[PDB]
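Novice: Sharing a structure here in structure tokens format.
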Amino acid sequence: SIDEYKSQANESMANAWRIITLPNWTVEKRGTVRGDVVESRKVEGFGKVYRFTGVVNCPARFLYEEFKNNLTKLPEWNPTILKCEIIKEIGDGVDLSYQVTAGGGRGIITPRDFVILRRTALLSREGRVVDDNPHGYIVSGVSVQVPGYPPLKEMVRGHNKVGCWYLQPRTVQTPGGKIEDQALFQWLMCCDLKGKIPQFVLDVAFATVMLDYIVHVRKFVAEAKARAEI
């Protein structure tokens, strides 16, 4: 039934918004760009969740549209994304997707495929879905079993317990006096790694996988600004 999936995605978006806005994180790794940090925390009945925080020089809305509507275009500008299909679109910004990723953590996170149920909504500062003027833009994700899209014997089927892109609009003033649209880019990740790989190893790998990803996001943004798309 469709509604079993609609409920799973709304529940997943709320879990993600609530988690990503929780206080008191543990800094795992810092990034090259001032402000970039991958933090972590223990979350009841999830485990050790991870969060990248960083500032992106583009309207939050624009990044939101790219994730929502151009998911299949991700492999073109992000080499860590091998494949991106939209399996089904099921209403209220909800959809199923099949994603294939490449290796990370210099050999720890092997190439994995994913069956993702997403929720796409504009959230208020209270976490209610609004139609305009939002505190942030959410693109949630959670792994689901979809018949016809089973695990391949030749690839690890990864499991996203909870995740999201949480993008907050930020109009800043530049050194040259100009007023411009920017975005607070937050990324939640709770990927269960099958087997018993000791936690200190995973902390380095997940943090690396995240900091590596943001290099391409900024390349996508810089190019989009040059083609005056933003």
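Ordering of the structure tokens sets the chain letters (A, B, ...); residue numbers start at 1 within each chain; ligands are numbered from 1 in the order shown.
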I need the strand (DSSP E) residues of segment 97-185 of chain A per DSSP on the backbone, written as a count of residues only.
Specialist: 49
Novice: Excluding residue 201 of chain A and its own-chain neighbours fewer than 3 positions away, which residues fall within 12 Å of it when counting only C-alpha atoms? Please give them as a PDB file with N, CA, C and O atoms, in the first residue's frame.
Specialist:
```
ATOM      1  N   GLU A  28      34.082  15.389  15.194  1.00  0.00           N
ATOM      2  CA  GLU A  28      34.841  14.237  14.746  1.00  0.00           C
ATOM      3  C   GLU A  28      35.999  14.738  13.902  1.00  0.00           C
ATOM      4  O   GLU A  28      37.162  14.408  14.178  1.00  0.00           O
ATOM      5  N   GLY A 104      34.711   4.903  -0.206  1.00  0.00           N
ATOM      6  CA  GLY A 104      35.133   5.982   0.676  1.00  0.00           C
ATOM      7  C   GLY A 104      35.835   5.491   1.936  1.00  0.00           C
ATOM      8  O   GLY A 104      35.916   4.283   2.206  1.00  0.00           O
ATOM      9  N   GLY A 105      36.369   6.432   2.709  1.00  0.00           N
ATOM     10  CA  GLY A 105      37.165   6.091   3.878  1.00  0.00           C
ATOM     11  C   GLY A 105      38.447   5.378   3.480  1.00  0.00           C
ATOM     12  O   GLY A 105      38.939   4.516   4.216  1.00  0.00           O
ATOM     13  N   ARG A 106      38.966   5.698   2.269  1.00  0.00           N
ATOM     14  CA  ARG A 106      40.176   5.134   1.662  1.00  0.00           C
ATOM     15  C   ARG A 106      40.173   3.598   1.574  1.00  0.00           C
ATOM     16  O   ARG A 106      41.236   2.992   1.453  1.00  0.00           O
ATOM     17  N   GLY A 107      38.991   2.988   1.594  1.00  0.00           N
ATOM     18  CA  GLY A 107      38.857   1.544   1.494  1.00  0.00           C
ATOM     19  C   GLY A 107      37.882   0.904   2.457  1.00  0.00           C
ATOM     20  O   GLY A 107      37.618  -0.290   2.340  1.00  0.00           O
ATOM     21  N   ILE A 108      37.317   1.683   3.398  1.00  0.00           N
ATOM     22  CA  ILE A 108      36.386   1.183   4.420  1.00  0.00           C
ATOM     23  C   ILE A 108      34.924   1.066   3.939  1.00  0.00           C
ATOM     24  O   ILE A 108      34.298   0.015   4.103  1.00  0.00           O
ATOM     25  N   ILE A 109      34.361   2.151   3.430  1.00  0.00           N
ATOM     26  CA  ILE A 109      32.995   2.131   2.945  1.00  0.00           C
ATOM     27  C   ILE A 109      33.134   1.667   1.516  1.00  0.00           C
ATOM     28  O   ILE A 109      33.688   2.400   0.708  1.00  0.00           O
ATOM     29  N   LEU A 193      26.703   0.049   8.945  1.00  0.00           N
ATOM     30  CA  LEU A 193      27.692  -0.660   8.174  1.00  0.00           C
ATOM     31  C   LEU A 193      27.635  -2.091   8.639  1.00  0.00           C
ATOM     32  O   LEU A 193      27.891  -2.376   9.814  1.00  0.00           O
ATOM     33  N   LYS A 196      31.171  -6.178  11.783  1.00  0.00           N
ATOM     34  CA  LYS A 196      31.711  -5.577  12.993  1.00  0.00           C
ATOM     35  C   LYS A 196      33.008  -4.802  12.748  1.00  0.00           C
ATOM     36  O   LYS A 196      34.064  -5.206  13.229  1.00  0.00           O
ATOM     37  N   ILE A 197      32.929  -3.671  12.030  1.00  0.00           N
ATOM     38  CA  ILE A 197      34.104  -2.818  11.830  1.00  0.00           C
ATOM     39  C   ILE A 197      34.187  -1.833  13.026  1.00  0.00           C
ATOM     40  O   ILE A 197      33.286  -1.010  13.221  1.00  0.00           O
ATOM     41  N   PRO A 198      35.244  -1.921  13.848  1.00  0.00           N
ATOM     42  CA  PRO A 198      35.358  -1.043  15.029  1.00  0.00           C
ATOM     43  C   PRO A 198      35.070   0.440  14.796  1.00  0.00           C
ATOM     44  O   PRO A 198      35.588   1.022  13.852  1.00  0.00           O
ATOM     45  N   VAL A 204      36.309   7.919  11.142  1.00  0.00           N
ATOM     46  CA  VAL A 204      37.209   8.520  10.150  1.00  0.00           C
ATOM     47  C   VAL A 204      36.613   8.415   8.726  1.00  0.00           C
ATOM     48  O   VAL A 204      36.539   9.410   7.999  1.00  0.00           O
ATOM     49  N   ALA A 205      36.136   7.214   8.365  1.00  0.00           N
ATOM     50  CA  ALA A 205      35.569   6.912   7.058  1.00  0.00           C
ATOM     51  C   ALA A 205      34.325   7.709   6.715  1.00  0.00           C
ATOM     52  O   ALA A 205      34.265   8.243   5.612  1.00  0.00           O
ATOM     53  N   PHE A 206      33.326   7.780   7.624  1.00  0.00           N
ATOM     54  CA  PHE A 206      32.092   8.509   7.370  1.00  0.00           C
ATOM     55  C   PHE A 206      32.375   9.996   7.258  1.00  0.00           C
ATOM     56  O   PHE A 206      31.839  10.651   6.362  1.00  0.00           O
ATOM     57  N   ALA A 207      33.242  10.522   8.152  1.00  0.00           N
ATOM     58  CA  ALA A 207      33.628  11.935   8.156  1.00  0.00           C
ATOM     59  C   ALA A 207      34.331  12.298   6.865  1.00  0.00           C
ATOM     60  O   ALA A 207      34.074  13.354   6.323  1.00  0.00           O
ATOM     61  N   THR A 208      35.200  11.400   6.361  1.00  0.00           N
ATOM     62  CA  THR A 208      35.934  11.587   5.110  1.00  0.00           C
ATOM     63  C   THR A 208      34.991  11.573   3.923  1.00  0.00           C
ATOM     64  O   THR A 208      35.027  12.500   3.121  1.00  0.00           O
TER      65      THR A 208
END
```
Novice: So, counting only C-alpha atoms, which residue among A:68, A:135, A:117, A:41 is closest to residue 88 of chain A?
Specialist: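 Checking each of A:68, A:135, A:117, A:41 against residue 88 of chain A, counting only C-alpha atoms, the winner is A:117.
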Novice: Using 7 Å as the limit and counting only C-alpha atoms, can you tabulate each residue of segment 106-162 of chain A that touches segment 7-24 of chain A, with its shortest atom-to-atom distance in Å and the two atoms involved, as a tab-separated table?
Specialist:
```
residue	atom	partner	partner_atom	distance
A:117	CA	A:9	CA	6.3
A:118	CA	A:9	CA	6.0
A:119	CA	A:9	CA	5.6
A:127	CA	A:17	CA	6.9
A:140	CA	A:13	CA	5.2
A:142	CA	A:12	CA	6.6
A:162	CA	A:16	CA	6.2
```
Novice: Which residues come within 6 Å of segment 53-67 of chain A, counting only C-alpha atoms, excluding same-chain residues fewer than 3 positions away, as an MDAnalysis selection string?
Specialist: chainID A and resid 35:37 70:71 167 169 181:186
Novice: As a ChimeraX atom specification, which residues of segment 123-224 of chain A does DSSP assign to helix (DSSP H, G or I)?
Specialist: /A:199-224
Novice: Take the residues just selected and output them with N, CA, C and O atoms as a compact mmCIF listing (two decimals), in the first residue's frame.
Specialist:
```
# COMPACT_ATOMS: atom_id res chain seq x y z
N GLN A 199 34.25 1.04 15.68
CA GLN A 199 33.76 2.41 15.60
C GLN A 199 34.78 3.50 15.24
O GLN A 199 34.45 4.36 14.44
N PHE A 200 36.00 3.47 15.81
CA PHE A 200 37.00 4.49 15.50
C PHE A 200 37.35 4.52 14.00
O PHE A 200 37.56 5.59 13.43
N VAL A 201 37.30 3.35 13.34
CA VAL A 201 37.55 3.20 11.92
C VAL A 201 36.42 3.88 11.13
O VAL A 201 36.69 4.65 10.20
N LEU A 202 35.16 3.61 11.51
CA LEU A 202 33.97 4.18 10.87
C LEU A 202 33.93 5.69 11.02
O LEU A 202 33.64 6.36 10.06
N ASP A 203 34.25 6.23 12.20
CA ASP A 203 34.25 7.68 12.46
C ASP A 203 35.10 8.43 11.45
O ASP A 203 34.66 9.44 10.93
N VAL A 204 36.31 7.92 11.14
CA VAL A 204 37.21 8.52 10.15
C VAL A 204 36.61 8.41 8.73
O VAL A 204 36.54 9.41 8.00
N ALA A 205 36.14 7.21 8.37
CA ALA A 205 35.57 6.91 7.06
C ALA A 205 34.33 7.71 6.72
O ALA A 205 34.26 8.24 5.61
N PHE A 206 33.33 7.78 7.62
CA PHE A 206 32.09 8.51 7.37
C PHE A 206 32.38 10.00 7.26
O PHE A 206 31.84 10.65 6.36
N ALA A 207 33.24 10.52 8.15
CA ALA A 207 33.63 11.93 8.16
C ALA A 207 34.33 12.30 6.87
O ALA A 207 34.07 13.35 6.32
N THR A 208 35.20 11.40 6.36
CA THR A 208 35.93 11.59 5.11
C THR A 208 34.99 11.57 3.92
O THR A 208 35.03 12.50 3.12
N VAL A 209 34.10 10.56 3.85
CA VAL A 209 33.07 10.38 2.83
C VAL A 209 32.24 11.67 2.68
O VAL A 209 32.00 12.12 1.57
N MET A 210 31.90 12.31 3.81
CA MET A 210 31.15 13.56 3.85
C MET A 210 31.96 14.77 3.36
O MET A 210 31.46 15.54 2.53
N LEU A 211 33.17 14.97 3.87
CA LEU A 211 34.01 16.10 3.47
C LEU A 211 34.42 16.02 1.99
O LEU A 211 34.58 17.04 1.33
N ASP A 212 34.57 14.81 1.48
CA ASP A 212 34.88 14.56 0.07
C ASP A 212 33.72 14.97 -0.81
O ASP A 212 33.95 15.51 -1.88
N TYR A 213 32.48 14.72 -0.37
CA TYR A 213 31.25 15.03 -1.10
C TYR A 213 31.05 16.53 -1.26
O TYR A 213 30.63 16.97 -2.33
N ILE A 214 31.33 17.32 -0.21
CA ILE A 214 31.09 18.76 -0.27
C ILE A 214 32.00 19.47 -1.28
O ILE A 214 31.60 20.49 -1.81
N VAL A 215 33.16 18.91 -1.64
CA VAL A 215 34.04 19.51 -2.65
C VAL A 215 33.30 19.63 -4.01
O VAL A 215 33.42 20.64 -4.72
N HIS A 216 32.51 18.61 -4.35
CA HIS A 216 31.77 18.56 -5.60
C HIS A 216 30.55 19.47 -5.60
O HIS A 216 30.25 20.08 -6.62
N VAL A 217 29.90 19.61 -4.45
CA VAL A 217 28.73 20.48 -4.24
C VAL A 217 29.16 21.92 -4.51
O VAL A 217 28.49 22.63 -5.25
N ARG A 218 30.32 22.32 -3.98
CA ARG A 218 30.85 23.66 -4.21
C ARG A 218 31.29 23.87 -5.66
O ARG A 218 31.25 24.99 -6.15
N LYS A 219 31.70 22.81 -6.35
CA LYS A 219 32.08 22.89 -7.76
C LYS A 219 30.84 23.05 -8.63
O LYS A 219 30.86 23.77 -9.62
N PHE A 220 29.75 22.38 -8.24
CA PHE A 220 28.47 22.45 -8.93
C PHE A 220 27.94 23.88 -8.80
O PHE A 220 27.64 24.52 -9.82
N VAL A 221 27.94 24.41 -7.56
CA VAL A 221 27.53 25.77 -7.19
C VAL A 221 28.32 26.85 -7.97
O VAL A 221 27.70 27.72 -8.57
N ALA A 222 29.67 26.78 -7.97
CA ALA A 222 30.55 27.75 -8.63
C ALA A 222 30.32 27.89 -10.13
O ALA A 222 30.40 29.00 -10.69
N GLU A 223 30.05 26.75 -10.77
CA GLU A 223 29.79 26.62 -12.20
C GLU A 223 28.39 27.19 -12.47
O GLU A 223 28.21 27.96 -13.41
N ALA A 224 27.41 26.85 -11.63
CA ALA A 224 26.05 27.37 -11.77
C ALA A 224 26.01 28.89 -11.61
O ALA A 224 25.24 29.56 -12.30
```
Novice: Between atom CA of residue 230 of chain A and atom CA of residue 172 of chain A, measure the distance and give it in Å to one decimal.
Specialist: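 That distance, rounded to one decimal, is 14.8 Å.
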Novice: Kindly indicate which residue among A:191, A:139, A:100, A:228 lies nearest to residue 152 of chain A, using only C-alpha atoms for the distances.
Specialist: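 Going through A:191, A:139, A:100, A:228 one by one, the smallest distance to residue 152 of chain A is for A:100.
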Novice: So that I can check the surroundings of segment 83-87 of chain A, please list as an MDAnalysis selection string every protein, DNA and RNA residue that reaches within 7 Å of it, counting only C-alpha atoms and ignoring chain neighbours fewer than 5 positions away.
Specialist: chainID A and resid 71:72 74:75 96:100
Novice: Save the residues we just selected, N, CA, C and O atoms, as a PDB file, in the first residue's frame?
Specialist:
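Final output, saved to selection_22.pdb:
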```pdb
ATOM      1  N   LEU A  71      17.635  14.718  -9.156  1.00  0.00           N
ATOM      2  CA  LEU A  71      18.329  13.628  -8.482  1.00  0.00           C
ATOM      3  C   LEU A  71      19.132  12.762  -9.458  1.00  0.00           C
ATOM      4  O   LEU A  71      20.289  12.479  -9.204  1.00  0.00           O
ATOM      5  N   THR A  72      18.537  12.428 -10.608  1.00  0.00           N
ATOM      6  CA  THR A  72      19.134  11.628 -11.681  1.00  0.00           C
ATOM      7  C   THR A  72      20.374  12.286 -12.349  1.00  0.00           C
ATOM      8  O   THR A  72      21.137  11.616 -13.052  1.00  0.00           O
ATOM      9  N   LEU A  74      22.739  13.969 -10.492  1.00  0.00           N
ATOM     10  CA  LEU A  74      23.803  13.915  -9.497  1.00  0.00           C
ATOM     11  C   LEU A  74      25.082  13.235  -9.984  1.00  0.00           C
ATOM     12  O   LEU A  74      26.160  13.801  -9.776  1.00  0.00           O
ATOM     13  N   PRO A  75      25.030  12.056 -10.645  1.00  0.00           N
ATOM     14  CA  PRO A  75      26.285  11.444 -11.124  1.00  0.00           C
ATOM     15  C   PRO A  75      27.111  12.317 -12.089  1.00  0.00           C
ATOM     16  O   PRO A  75      28.328  12.147 -12.162  1.00  0.00           O
ATOM     17  N   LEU A  96      10.380   7.206  -4.185  1.00  0.00           N
ATOM     18  CA  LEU A  96      11.320   6.108  -4.022  1.00  0.00           C
ATOM     19  C   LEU A  96      12.403   6.276  -5.054  1.00  0.00           C
ATOM     20  O   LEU A  96      12.114   6.623  -6.197  1.00  0.00           O
ATOM     21  N   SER A  97      13.650   6.002  -4.668  1.00  0.00           N
ATOM     22  CA  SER A  97      14.799   6.137  -5.536  1.00  0.00           C
ATOM     23  C   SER A  97      15.808   4.986  -5.364  1.00  0.00           C
ATOM     24  O   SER A  97      15.877   4.360  -4.306  1.00  0.00           O
ATOM     25  N   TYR A  98      16.575   4.698  -6.424  1.00  0.00           N
ATOM     26  CA  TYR A  98      17.611   3.675  -6.394  1.00  0.00           C
ATOM     27  C   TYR A  98      18.934   4.400  -6.649  1.00  0.00           C
ATOM     28  O   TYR A  98      19.114   5.032  -7.700  1.00  0.00           O
ATOM     29  N   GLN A  99      19.826   4.383  -5.651  1.00  0.00           N
ATOM     30  CA  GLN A  99      21.084   5.103  -5.749  1.00  0.00           C
ATOM     31  C   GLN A  99      22.269   4.171  -5.606  1.00  0.00           C
ATOM     32  O   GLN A  99      22.225   3.246  -4.815  1.00  0.00           O
ATOM     33  N   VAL A 100      23.311   4.375  -6.407  1.00  0.00           N
ATOM     34  CA  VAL A 100      24.517   3.563  -6.335  1.00  0.00           C
ATOM     35  C   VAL A 100      25.663   4.501  -6.016  1.00  0.00           C
ATOM     36  O   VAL A 100      25.841   5.485  -6.707  1.00  0.00           O
TER      37      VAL A 100
END
```
Novice: Which value, in Å to one decimal, gives the distance between atom CA of residue 111 of chain A and atom CA of residue 149 of chain A?
Specialist: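 Interatomic distance, atom CA of residue 111 of chain A to atom CA of residue 149 of chain A: 17.0 Å.
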Novice: Extract, using only C-alpha atoms, all DNA, RNA and protein residues at most 8 Å from residue 163 of chain A, discarding same-chain residues fewer than 2 positions from it, and format them as an MDAnalysis selection string.
Specialist: chainID A and resid 16 140:142 160:161 165 187:190
Novice: Work out how far atom CA of residue 27 of chain A is from atom CA of residue 48 of chain A, in Å to one decimal.
Specialist: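 Separation between atom CA of residue 48 of chain A and atom CA of residue 27 of chain A: 12.6 Å.
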Novice: Between A:175, A:146, A:154, A:164, which is the closest to residue 50 of chain A once you count only C-alpha atoms?
Specialist: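 For residue 50 of chain A, the nearest of the candidates is A:164.
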